[PDB]
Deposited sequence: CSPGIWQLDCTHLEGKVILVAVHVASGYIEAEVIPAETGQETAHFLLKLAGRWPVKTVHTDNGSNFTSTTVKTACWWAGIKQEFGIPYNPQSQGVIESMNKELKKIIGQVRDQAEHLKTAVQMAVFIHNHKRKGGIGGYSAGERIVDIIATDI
């Protein structure tokens, strides 16, 4: 798929919110635990992702996520325009006993996911570099 396309969705576990960004073409995941499913958390996360990868267009499974002027101002500043969450939840459960805080298990599960095999982490750098 096009190299700048990401999917962003907010999922739930242990009464906390996990935001999950997926690089559609590669399967590569950036994920974080946020305290509330607010547009402020979405806006700040978009700004983070955009600084780290070339984020051209964002998709979601909940369009209403992208309606706050907070979020749109982030889409604007960064030049952004407008399945996998059960795999990650699976890995979270596997490693969950290895950590106290859910936020630690999520990053353990992102590590596992992006490096298991190519690996998602290998495909995104190959994709983004080919495009360059």
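Novice: Comparing the deposited sequence with the modelled residues, which stretches have no C-alpha coordinates?
Specialist: Missing CA coords at 83 to 97, 133 to 138.
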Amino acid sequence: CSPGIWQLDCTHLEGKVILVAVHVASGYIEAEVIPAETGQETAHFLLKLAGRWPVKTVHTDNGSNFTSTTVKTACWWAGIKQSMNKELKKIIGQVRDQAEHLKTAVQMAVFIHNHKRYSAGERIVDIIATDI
From here on, numbers count along this sequence of modelled residues.
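Novice: Which of the two stretches, 107 to 115 or 12 to 20, shows the higher mean Cα temperature factor in the record?
Specialist: Averaging CA B-factors over each stretch, the winner is 12 to 20.
Novice: Higher average CA B factor in the deposited record is what I'm after, so tell me if that's 40 to 48 or 89 to 97.
Specialist: Taking the mean B-factor of the alpha carbons in each, 89 to 97 is higher.
Novice: Among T73, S26, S83, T60, single out the one with the highest C-alpha B factor in the record, please.
Specialist: Result of the comparison over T73, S26, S83, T60: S83.
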